[PDB]
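Some notes on the structure that comes next.
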Amino acid sequence: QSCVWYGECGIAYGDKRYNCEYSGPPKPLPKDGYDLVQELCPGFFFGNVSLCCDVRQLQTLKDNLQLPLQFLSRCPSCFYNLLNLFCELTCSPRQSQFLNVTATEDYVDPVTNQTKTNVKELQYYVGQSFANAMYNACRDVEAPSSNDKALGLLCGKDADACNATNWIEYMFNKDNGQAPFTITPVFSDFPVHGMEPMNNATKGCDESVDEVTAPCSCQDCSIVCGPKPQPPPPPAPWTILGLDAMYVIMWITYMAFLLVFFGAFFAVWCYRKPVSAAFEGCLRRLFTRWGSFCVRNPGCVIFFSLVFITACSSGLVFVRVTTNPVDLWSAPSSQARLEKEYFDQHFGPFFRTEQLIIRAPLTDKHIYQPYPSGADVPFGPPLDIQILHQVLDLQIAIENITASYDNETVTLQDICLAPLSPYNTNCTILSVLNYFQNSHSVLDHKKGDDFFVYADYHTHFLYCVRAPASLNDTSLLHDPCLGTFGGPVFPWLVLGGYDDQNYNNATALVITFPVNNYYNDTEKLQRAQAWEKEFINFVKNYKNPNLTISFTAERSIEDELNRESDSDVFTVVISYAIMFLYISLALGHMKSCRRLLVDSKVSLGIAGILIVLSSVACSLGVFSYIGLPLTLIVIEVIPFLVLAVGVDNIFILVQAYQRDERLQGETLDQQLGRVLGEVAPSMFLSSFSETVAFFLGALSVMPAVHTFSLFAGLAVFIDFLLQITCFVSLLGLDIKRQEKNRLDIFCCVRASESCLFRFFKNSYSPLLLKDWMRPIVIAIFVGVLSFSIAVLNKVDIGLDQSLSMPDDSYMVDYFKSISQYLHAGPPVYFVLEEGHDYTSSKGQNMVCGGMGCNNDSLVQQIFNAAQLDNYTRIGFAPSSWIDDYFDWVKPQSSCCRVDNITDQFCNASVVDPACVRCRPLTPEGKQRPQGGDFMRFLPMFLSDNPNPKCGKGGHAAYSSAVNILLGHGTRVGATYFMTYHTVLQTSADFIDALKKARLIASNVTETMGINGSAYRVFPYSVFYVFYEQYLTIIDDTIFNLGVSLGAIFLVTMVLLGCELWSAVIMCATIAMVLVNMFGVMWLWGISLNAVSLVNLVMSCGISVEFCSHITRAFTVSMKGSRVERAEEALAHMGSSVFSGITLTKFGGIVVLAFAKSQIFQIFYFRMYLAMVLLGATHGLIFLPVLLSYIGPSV
Ligand SMILES: CCCCCCCC/C=C\CCCCCCCC(=O)O[C@@H](COC(=O)CCCCCCCCCCCCCCC)COP(=O)([O-])OCC[N+](C)(C)C
Ligand SMILES: *[C@@H]1O[C@H](CO)[C@@H](O[C@@H]2O[C@H](CO)[C@@H](O)[C@H](O[C@H]3O[C@H](CO)[C@@H](O)[C@H](O)[C@@H]3O)[C@H]2NC(C)=O)[C@H](O)[C@H]1NC(C)=O
Ligand SMILES: *[C@@H]1O[C@H](CO)[C@@H](O[C@@H]2O[C@H](CO)[C@@H](O[C@H]3O[C@H](CO)[C@@H](O)[C@H](O)[C@@H]3O)[C@H](O)[C@H]2NC(C)=O)[C@H](O)[C@H]1NC(C)=O
Ligand SMILES: *[C@@H]1O[C@H](CO)[C@@H](O[C@H]2O[C@H](CO)[C@@H](O)[C@H](O)[C@H]2NC(C)=O)[C@H](O)[C@H]1NC(C)=O
Ligand SMILES: CC(C)CCC[C@@H](C)[C@H]1CC[C@H]2[C@@H]3CC=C4C[C@@H](O)CC[C@]4(C)[C@H]3CC[C@]12C
Ligand SMILES: *[C@@H]1O[C@H](CO)[C@@H](O)[C@H](O)[C@H]1NC(C)=O
Ligand SMILES: *[C@@H]1O[C@H](CO)[C@@H](O)[C@H](O)[C@H]1NC(C)=O
Ligand SMILES: *[C@@H]1O[C@H](CO)[C@@H](O)[C@H](O)[C@H]1NC(C)=O
Ligand SMILES: *[C@@H]1O[C@H](CO)[C@@H](O)[C@H](O)[C@H]1NC(C)=O
Ligand SMILES: *[C@@H]1O[C@H](CO)[C@@H](O)[C@H](O)[C@H]1NC(C)=O
Ligand SMILES: *[C@@H]1O[C@H](CO)[C@@H](O)[C@H](O)[C@H]1NC(C)=O
Ligand SMILES: *[C@@H]1O[C@H](CO)[C@@H](O)[C@H](O)[C@H]1NC(C)=O
Ligand SMILES: *[C@@H]1O[C@H](CO)[C@@H](O)[C@H](O)[C@H]1NC(C)=O
Ligand SMILES: *[C@@H]1O[C@H](CO)[C@@H](O)[C@H](O)[C@H]1NC(C)=O
């Protein structure tokens, strides 16, 4: 071997210097540029260099490799081969084997008068199997700020006809302007002239160069990237013979019923062609005696009852109302609640977001034409320069807002969050103007001379949507796009309306203002909300006819719902007023026109209404004393229920008395005691059946059903007691009044067979019970039940979240804008709990997405999930911190650097006095820092800032994502890897996201193989606490309804004697009522949530109020046949049940039909109408017939 040239003494032009000829042996390197030899091509570094090379040559080589390094360094396997073509060309130790100089001439030294030999020209023999493997591995490298091929900018011509041989000729040719002298390559695989070219090892875009440099991406290599992933979409519909397969199982279940049912009548119709009485008797006697007592001791009874009422209802002073949505919709110990408790403790609560979807409707899209060459690039309307200036003006004004609070000003700079503070304090604003750093200057500056612009803001936008974490454009612009706060701005968070990569086509601009959310602190939260109110007002009063903004504040949903939840109290008040008017006017039988205001029960009806309201208030007050807080579901469903039950009892009693004829020689208190002893068992059965049902239903973990059950049970019981005592005393007093000829309400001025009882008895009961009508009724009701069972499993789950808002609100527009434009959703945090090692090869492989770490690790699994992005609603990559930590610590990167004597972190921008690299640049140092080096360099990484020479640093993104536990070796605590969800528009979307995130977390926890369950991965998102209730709502409904109905069943079959048949008939009728309630749900579009569940558990209590009465009046009867017993029970009890509860609630609902609120008109008006009329029909038209048919004899 031998050399051809050494040193650089000649000069071509500018600074280009021709290498100086020397054909001696290879020089031992001067020990000066060892760093360079390990940076250019370490293939020569095995010390005893004896390199033909020169330190003045190595450092002049690197200067020419500057631009080729920037483009081709994207793909390590490419730039690797490119270097092997240069070192050997310049200073390899066997240079003479593959080189032959051609043109040289003497050079004069201005230093010694010594003529030096320059190297003017020469030819370079390169193998063909080398140039093909080189060009073929780089042809796929894409350029920055474009989708072209990187060779198009390095060939000297189009990248469409770049042969592998012409590209090498252009690089060595001085015609480009870089080569100080041109080298003529000679391509040949076989030795010619006794001279055989060089062919060193080569690597493709798929093979990795080192056990630490990951292979090339399929963006930059066509062979690495294969078949896309795909999930199997299961619909899981049965569709027996073409239709839903449930529509059919029933219609076949029904046709069978009419034939097996109508096939027995027409079959027979052609054929004809001791302990119970002991418990049912002591109750009558007890109630008779106590009724007489209460009728002859009104003063004592009423006084003690009023004292009790006051003692119980004075607890309303301690009344608390629950409005915080977390406490409302989240169980205090649910999985999501514990996860939120864990995340808020180790990482601080999730922040508050104020977004802004700006759009330019007037402007049109325009075309961008690159100067040198390239296809046209169209830009959306909002990406116009004028619209960008106006949006920058709007944002700078949004920063003004001060929003004084508590006699102090509250600026955004004060409330927002700055990741890397107090070094940099601006704060996180996520807009597309951060690419230009919120500067009109940086946005409006172009580089070029007339007739064309070299660069423009289009070029910067295109470059930075591709690489949003750069610190300089480094190509004809030299501007960073990191953002004033420090840290990348991802194009999918700041744009909307494009198509899958083309942020050029964006039609909307998103602008987020992250604000701190505080964990157990109220002064700061008040400050944030006080600033948000002024932000909302400002954005609402901004005209800018060029823009259409759809905004939101963190405090906006709560305000919109508190604004819609009123202006209908004027309707509820009229509803209750009409209910009370009817109750007051209907208790009294007329019997005469000239005797009206004397036989009137207005005062007694007022007393009954007051007793009912008193029962409500005593329940609320007792539970206020105990400490249970109220709720807006309770405050609305308790009055309805308690009024229904109380009015039913009042009418039952008053009418059972009015239709009674007094025996002779029998006094008033004895007559009333007899009437009450014969009427009280039914009211007691109903009251006990409902109380036990509700109290027993207060076992669920749903905060909406638990509190409601408690409140309603106590109210029903207290109302029963207050009635049985106070109302009987007042009934005795009013009977005295009416017998002493005293006039009605004003004062002291001196049998009935009600018109309804004469209708149910004379025209309705006989007709309904004829032999040609009972089968019709049963057929119709079984058909409706069959329909309900068929369309049952098609009921929705969840609440829309757009119907809780008024229709004239801006949140409706914001939701439309989200669904129509946004491409990202709420962020997800896959929190890896405390207990992982992180300081071992395997402990790191389980978490990596990288070179050597496993293929099923946490980061790789989240990456796959994001590759699905439709099955798994995870849209983007995990963005792990440990990969960035390793990239930072790698010696090549050379961001880490410690002080030599102090072992202190020398920044990457430092005078370089005595600071050495953290990891030695050797084969052992390349590896990951697995031992104590990991934990010795991690804190310095997390404290590093975004240095222009280093890169992004690990402070603005991971200081909060990594928890370090000082003391005891200072291990790592809990950490998270945060990604983003896909746009979630409906409750189905949110529940689907919750399910599949949980699935991914469980998969990762499985693969990690933890000893026991010491720790685990879990995802945290903001809406998880609000949507975790819909993951068990079906079984919650099942449990609640079944338990409530079984309690009703047992209580009935116990109190009513022991008749299981009567109890089972009643239970079956109430189950029918519930199934038909679900059918009406499906048919009118009511959804299954914590409001519908409360209304169903409530209806379970009015079904009883109808059935129990009708069925008990039938059971305890001594008529002859079932038909006559049924019609007698119907007349007697159903005349009071139809007039008391049915007509009252019907007037109420008909007044309530004018609600003006969607949540109300959907979940209360419709549910109440359905419940009331369904229960009325079922009881009064199906208990009669079913009992007539299969009732218990006696
Ligand atoms: C001891 C035994 C206990 C356990 C077993 C008990 C089982 C038997 C007991 C009761 C019946 C059980 C029915 C299960 C529901 C269907 C299951 C299913 O396929 O999921 C469906 C749930 O469908 C819904 O979303 C609404 C379902 C609510 C059912 C509640 C019935 C309770 C009342 C009954 C009466 C009183 C009950 C209490 C009396 C005891 C899937 O629905 P989806 O896909 O979300 O819908 C959207 C579809 N869409 C887009 C096309 C519109
Ligand atoms: C979304 O953005 C893409 C760009 O990534 C748009 O694609 C471009 O479409 C415009 C339409 O005017 C074309 O100007 C451009 O095509 C240019 O190059 C071809 C050469 O093949 C030339 O024949 C055309 O005259 C033009 O100069 C497209 N560029 C590319 C590379 O696709 C696309 O239109 C946008 N989508 C929508 C829905 O607007
Ligand atoms: C990812 O998301 C969807 C899979 O669940 C699916 O969305 C696509 O885009 C829109 C969504 O509204 C729809 O496409 C429309 O236009 C096509 C013509 O190509 C019609 O055939 C459709 O009926 C529809 O009107 C589809 O819902 C769907 N099709 C596309 C892409 O247009 C995507 O296909 C999914 N893709 C992947 C790879 O995840
Ligand atoms: C955000 O903080 C940055 C520093 O991180 C500030 O930087 C700018 O300061 C001036 C504007 O007030 C500009 O004239 C400077 O050119 C710019 N800094 C540099 C690097 O030159 C900036 O003030 C803060 N906010 C804004 C609105 O930019
Ligand atoms: C714009 C593009 C073409 C530039 C990329 C090609 C450049 C980097 C290539 C082509 C020719 C090469 C040069 C050829 C000759 C020498 C002299 C030697 O003693 C040091 C290396 C040096 C200085 C090379 C540096 C890299 C080089 C300049
Ligand atoms: C270069 O790559 C192409 C792939 O398109 C292949 O067809 C060709 O055989 C390769 N030539 C080589 C490796 O010499
Ligand atoms: C509002 O912001 C502007 C921006 O330059 C600033 O000049 C002004 O002092 C701020 N306060 C105002 C206008 O009250
Ligand atoms: C604000 O505080 C100062 C100092 O306590 C006080 O003098 C001033 O009156 C306060 N402002 C108002 C409006 O009360
Ligand atoms: C970005 O611009 C050039 C291009 O690479 C680079 O040399 C420079 O160091 C960078 N900017 C700064 C401020 O260092
Ligand atoms: C709106 O656009 C017009 C036309 O570009 C411009 O003159 C005006 O300043 C913009 N802003 C307004 C009208 O507030
Ligand atoms: C993932 O795990 C290991 C990789 O080392 C291997 O056994 C397994 O086949 C890999 N899976 C796939 C699909 O390649
Ligand atoms: C770099 O480190 C030095 C250490 O003295 C510090 O002064 C400087 O602010 C740092 N620069 C950054 C973090 O950008
Ligand atoms: C750094 O410290 C080591 C150990 O004392 C020493 O050998 C080395 O020469 C020092 N380097 C510099 C640049 O001072
Ligand atoms: C968990 O892994 C199984 C098989 O390894 C896979 O079928 C399932 O889809 C994974 N869960 C996800 C991707 O959520």
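Numbering starts fresh at 1 for the residues of each chain in the structure tokens, the chains themselves are lettered A, B, ... in the order given, and ligands are numbered from 1 as they appear.
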
Within 6 Å of range 460-470 of chain A, counting only C-alpha atoms, which residues qualify if same-chain residues fewer than 4 places away don't, as a compact mmCIF listing (two decimals) with N, CA and C atoms, in the first residue's frame?
# COMPACT_ATOMS: atom_id res chain seq x y z
N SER A 145 -39.64 19.13 4.21
CA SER A 145 -40.54 20.15 3.68
C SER A 145 -41.09 19.77 2.29
N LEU A 482 -40.28 25.82 17.31
CA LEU A 482 -40.52 25.15 18.57
C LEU A 482 -41.65 25.79 19.37
N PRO A 488 -42.64 21.10 20.89
CA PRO A 488 -43.26 21.04 19.57
C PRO A 488 -44.76 21.31 19.63
N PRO A 491 -49.09 19.17 14.28
CA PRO A 491 -50.03 19.71 13.29
C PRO A 491 -51.45 19.18 13.43

Q: Run DSSP on the backbone and grab whatever in range 1002-1072 of chain A lands in helix (DSSP H, G or I); send it over as a PyMOL selection string.
A: chain A and resi 1002-1008+1024-1027+1029-1031+1033-1055+1060-1072

Selected residues written out, C-alpha atoms, as a PDB file, in the first residue's frame:
ATOM      1  CA  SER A1002     -54.570  -5.130  30.346  1.00  0.00           C
ATOM      2  CA  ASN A1003     -52.617  -6.639  27.446  1.00  0.00           C
ATOM      3  CA  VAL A1004     -49.485  -4.721  28.429  1.00  0.00           C
ATOM      4  CA  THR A1005     -49.926  -5.697  32.080  1.00  0.00           C
ATOM      5  CA  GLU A1006     -50.233  -9.343  31.019  1.00  0.00           C
ATOM      6  CA  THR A1007     -47.079  -9.247  28.902  1.00  0.00           C
ATOM      7  CA  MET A1008     -45.028  -7.520  31.606  1.00  0.00           C
ATOM      8  CA  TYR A1024     -63.423   8.243  32.083  1.00  0.00           C
ATOM      9  CA  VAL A1025     -65.120   9.085  35.388  1.00  0.00           C
ATOM     10  CA  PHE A1026     -68.201  10.337  33.533  1.00  0.00           C
ATOM     11  CA  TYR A1027     -68.410   7.378  31.133  1.00  0.00           C
ATOM     12  CA  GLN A1029     -71.030   4.216  34.629  1.00  0.00           C
ATOM     13  CA  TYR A1030     -72.210   2.955  31.222  1.00  0.00           C
ATOM     14  CA  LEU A1031     -69.970  -0.132  31.475  1.00  0.00           C
ATOM     15  CA  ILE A1033     -75.527   0.064  33.582  1.00  0.00           C
ATOM     16  CA  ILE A1034     -77.363  -2.928  32.106  1.00  0.00           C
ATOM     17  CA  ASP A1035     -76.524  -5.130  35.080  1.00  0.00           C
ATOM     18  CA  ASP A1036     -77.236  -2.243  37.461  1.00  0.00           C
ATOM     19  CA  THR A1037     -80.718  -1.965  35.953  1.00  0.00           C
ATOM     20  CA  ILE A1038     -81.123  -5.748  36.168  1.00  0.00           C
ATOM     21  CA  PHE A1039     -80.068  -5.899  39.819  1.00  0.00           C
ATOM     22  CA  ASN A1040     -82.112  -2.897  40.945  1.00  0.00           C
ATOM     23  CA  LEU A1041     -85.332  -3.878  39.187  1.00  0.00           C
ATOM     24  CA  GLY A1042     -85.094  -7.544  40.152  1.00  0.00           C
ATOM     25  CA  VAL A1043     -84.337  -6.813  43.800  1.00  0.00           C
ATOM     26  CA  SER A1044     -87.095  -4.217  44.054  1.00  0.00           C
ATOM     27  CA  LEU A1045     -89.633  -6.560  42.449  1.00  0.00           C
ATOM     28  CA  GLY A1046     -88.633  -9.500  44.634  1.00  0.00           C
ATOM     29  CA  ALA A1047     -89.027  -7.360  47.739  1.00  0.00           C
ATOM     30  CA  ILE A1048     -92.477  -6.306  46.518  1.00  0.00           C
ATOM     31  CA  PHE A1049     -93.349  -9.960  45.871  1.00  0.00           C
ATOM     32  CA  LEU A1050     -92.280 -11.189  49.306  1.00  0.00           C
ATOM     33  CA  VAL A1051     -93.827  -8.286  51.221  1.00  0.00           C
ATOM     34  CA  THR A1052     -97.109  -8.739  49.356  1.00  0.00           C
ATOM     35  CA  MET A1053     -97.352 -12.503  49.799  1.00  0.00           C
ATOM     36  CA  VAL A1054     -96.587 -12.019  53.506  1.00  0.00           C
ATOM     37  CA  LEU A1055     -98.836  -9.087  54.423  1.00  0.00           C
ATOM     38  CA  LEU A1060     -98.637 -16.877  46.437  1.00  0.00           C
ATOM     39  CA  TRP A1061    -101.018 -16.793  43.464  1.00  0.00           C
ATOM     40  CA  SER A1062    -102.243 -13.240  44.065  1.00  0.00           C
ATOM     41  CA  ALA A1063     -98.652 -12.124  44.696  1.00  0.00           C
ATOM     42  CA  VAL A1064     -97.364 -13.755  41.508  1.00  0.00           C
ATOM     43  CA  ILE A1065    -100.172 -12.219  39.440  1.00  0.00           C
ATOM     44  CA  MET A1066     -99.372  -8.775  40.849  1.00  0.00           C
ATOM     45  CA  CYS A1067     -95.643  -9.291  40.275  1.00  0.00           C
ATOM     46  CA  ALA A1068     -96.213 -10.421  36.693  1.00  0.00           C
ATOM     47  CA  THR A1069     -98.354  -7.360  36.008  1.00  0.00           C
ATOM     48  CA  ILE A1070     -95.692  -5.017  37.380  1.00  0.00           C
ATOM     49  CA  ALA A1071     -93.024  -6.809  35.321  1.00  0.00           C
ATOM     50  CA  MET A1072     -95.254  -6.297  32.281  1.00  0.00           C
TER      51      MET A1072
END

Residues within 9 Å of residue 754 in chain A, only C-alpha atoms, excluding chain neighbours under 6 positions, as a PDB file with N, CA, C and O atoms, in the first residue's frame:
ATOM      1  N   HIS A 589    -118.163  15.557  47.129  1.00  0.00           N
ATOM      2  CA  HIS A 589    -119.276  15.173  46.273  1.00  0.00           C
ATOM      3  C   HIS A 589    -120.322  16.281  46.273  1.00  0.00           C
ATOM      4  O   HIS A 589    -120.655  16.830  47.327  1.00  0.00           O
ATOM      5  N   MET A 590    -120.839  16.611  45.089  1.00  0.00           N
ATOM      6  CA  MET A 590    -121.778  17.720  44.962  1.00  0.00           C
ATOM      7  C   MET A 590    -123.164  17.355  45.491  1.00  0.00           C
ATOM      8  O   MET A 590    -123.628  17.927  46.482  1.00  0.00           O
ATOM      9  N   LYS A 591    -123.832  16.407  44.837  1.00  0.00           N
ATOM     10  CA  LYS A 591    -125.114  15.890  45.302  1.00  0.00           C
ATOM     11  C   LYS A 591    -126.211  16.950  45.262  1.00  0.00           C
ATOM     12  O   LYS A 591    -127.385  16.643  45.495  1.00  0.00           O
ATOM     13  N   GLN A 655    -113.289   8.593  50.021  1.00  0.00           N
ATOM     14  CA  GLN A 655    -114.404   8.035  49.269  1.00  0.00           C
ATOM     15  C   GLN A 655    -114.940   6.763  49.911  1.00  0.00           C
ATOM     16  O   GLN A 655    -116.154   6.530  49.893  1.00  0.00           O
ATOM     17  N   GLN A 658    -117.264   8.268  52.357  1.00  0.00           N
ATOM     18  CA  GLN A 658    -118.452   8.874  51.762  1.00  0.00           C
ATOM     19  C   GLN A 658    -119.447   7.830  51.275  1.00  0.00           C
ATOM     20  O   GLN A 658    -120.659   8.044  51.371  1.00  0.00           O
ATOM     21  N   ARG A 659    -119.016   6.680  50.803  1.00  0.00           N
ATOM     22  CA  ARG A 659    -119.992   5.736  50.267  1.00  0.00           C
ATOM     23  C   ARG A 659    -120.555   4.822  51.339  1.00  0.00           C
ATOM     24  O   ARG A 659    -121.242   3.853  51.046  1.00  0.00           O
TER      25      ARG A 659
END

Q: Any chance you could list, as a list in words, the residues in range 450-508 of chain A that come up strand (DSSP E or B) when DSSP is run on the backbone?
A: residues 455, 495, 496 and 508 of chain A

Put those residues in a file: C-alpha atoms, as an mmCIF file, in the first residue's frame.
data_model
loop_
_atom_site.group_PDB
_atom_site.id
_atom_site.type_symbol
_atom_site.label_atom_id
_atom_site.label_comp_id
_atom_site.auth_asym_id
_atom_site.auth_seq_id
_atom_site.Cartn_x
_atom_site.Cartn_y
_atom_site.Cartn_z
ATOM 1 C CA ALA A 455 -38.358 30.848 0.778
ATOM 2 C CA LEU A 495 -55.469 22.208 12.190
ATOM 3 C CA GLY A 496 -58.639 20.596 10.905
ATOM 4 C CA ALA A 508 -60.003 25.359 10.165
#

(Q) Give me, as an NGL selection string, the set of residues whose atoms come within 12 Å of any atom of ligand 2, counting only C-alpha atoms and all ligand atoms. (A) :A and (145-148 or 364-370 or 373-381 or 462 or 497-507)

Q: Step by step, measure atom-to-atom distances between ligand 5 and each residue using only C-alpha atoms and all ligand atoms, keep those at most 6 Å, then write them as JSON, numbers by chain.
A: {"A": [19, 57, 60, 61, 64, 65, 68, 90, 154, 171, 172, 176, 178, 179]}

Q. Which residues, written as JSON, numbers by chain, have at least one atom at most 12 Å from range 231-237 of chain A, with only C-alpha atoms counted and residues fewer than 4 positions away on the same chain left out?
A. {"A": [241, 242, 243, 244, 245, 246, 247, 793, 794, 864, 865, 867, 868, 869, 870, 871, 872]}

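Reported to one decimal place, the separation of CA of residue 1170 in chain A from CA of residue 709 in chain A is 21.1 Å.
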
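Nearest to ligand 10 of all the residues A:164, A:548, A:258, A:515 is A:548, counting only C-alpha atoms and all ligand atoms.
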
With a cut-off of 10 Å, could you pull out the residues of range 79-192 of chain A touching range 26-32 of chain A and give me the nearest pair of atoms for each, distance in Å to one decimal, using only C-alpha atoms, ordered by chain and ascending number, as a Markdown table?
| residue | atom | partner | partner_atom | distance |
| --- | --- | --- | --- | --- |
| A:91 | CA | A:26 | CA | 8.8 |
| A:92 | CA | A:26 | CA | 8.7 |
| A:93 | CA | A:26 | CA | 6.0 |
| A:94 | CA | A:26 | CA | 8.3 |
| A:95 | CA | A:26 | CA | 9.0 |

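Each of A:912, A:21, A:1127, A:992 was checked against ligand 14 using only C-alpha atoms and all ligand atoms; the smallest atom-to-atom distance is that of A:992.
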
(Q) Just checking: using only C-alpha atoms and all ligand atoms, which residue out of A:229, A:425, A:417, A:1129 ends up closest to ligand 11? (A)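 Using only C-alpha atoms and all ligand atoms, the shortest distance to ligand 11 belongs to A:229.
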
**Q.** Cut-off 12 Å, only C-alpha atoms and all ligand atoms, neighbours of ligand 10 as a VMD selection string
**A.** chain A and resid 360 to 364 384 to 394 542 to 548

Write a file of the selected residues as a JSON list (two decimals), in the first residue's frame, keeping C-alpha atoms.
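The result, stored in selection_38.json:
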[["chain", "number", "residue", "atom", "x", "y", "z"],
["A", 360, "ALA", "CA", -62.16, 31.97, 7.06],
["A", 361, "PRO", "CA", -65.37, 31.65, 5.02],
["A", 362, "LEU", "CA", -64.77, 34.57, 2.66],
["A", 363, "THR", "CA", -61.24, 33.74, 1.48],
["A", 364, "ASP", "CA", -60.55, 31.12, -1.18],
["A", 384, "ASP", "CA", -53.85, 32.81, 3.90],
["A", 385, "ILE", "CA", -51.37, 35.49, 5.04],
["A", 386, "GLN", "CA", -54.07, 38.04, 5.85],
["A", 387, "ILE", "CA", -56.14, 35.55, 7.84],
["A", 388, "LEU", "CA", -52.99, 34.46, 9.67],
["A", 389, "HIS", "CA", -52.25, 38.07, 10.62],
["A", 390, "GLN", "CA", -55.83, 38.54, 11.85],
["A", 391, "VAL", "CA", -55.69, 35.34, 13.90],
["A", 392, "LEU", "CA", -52.37, 36.47, 15.38],
["A", 393, "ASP", "CA", -54.07, 39.75, 16.29],
["A", 394, "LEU", "CA", -56.95, 37.85, 17.93],
["A", 542, "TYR", "CA", -65.34, 39.87, 18.80],
["A", 543, "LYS", "CA", -66.65, 40.93, 15.39],
["A", 544, "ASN", "CA", -63.92, 40.39, 12.75],
["A", 545, "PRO", "CA", -66.31, 39.76, 9.81],
["A", 546, "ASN", "CA", -63.53, 37.70, 8.16],
["A", 547, "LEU", "CA", -63.59, 34.90, 10.76],
["A", 548, "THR", "CA", -66.15, 32.52, 12.28]]

Q.
Could you list, as a ChimeraX atom specification, every residue within 12 Å of residue 987 in chain A, counting only C-alpha atoms and ignoring same-chain residues fewer than 2 positions away?
A. /A:796-802,983-985,989-994,1023-1024,1026-1031,1087-1089
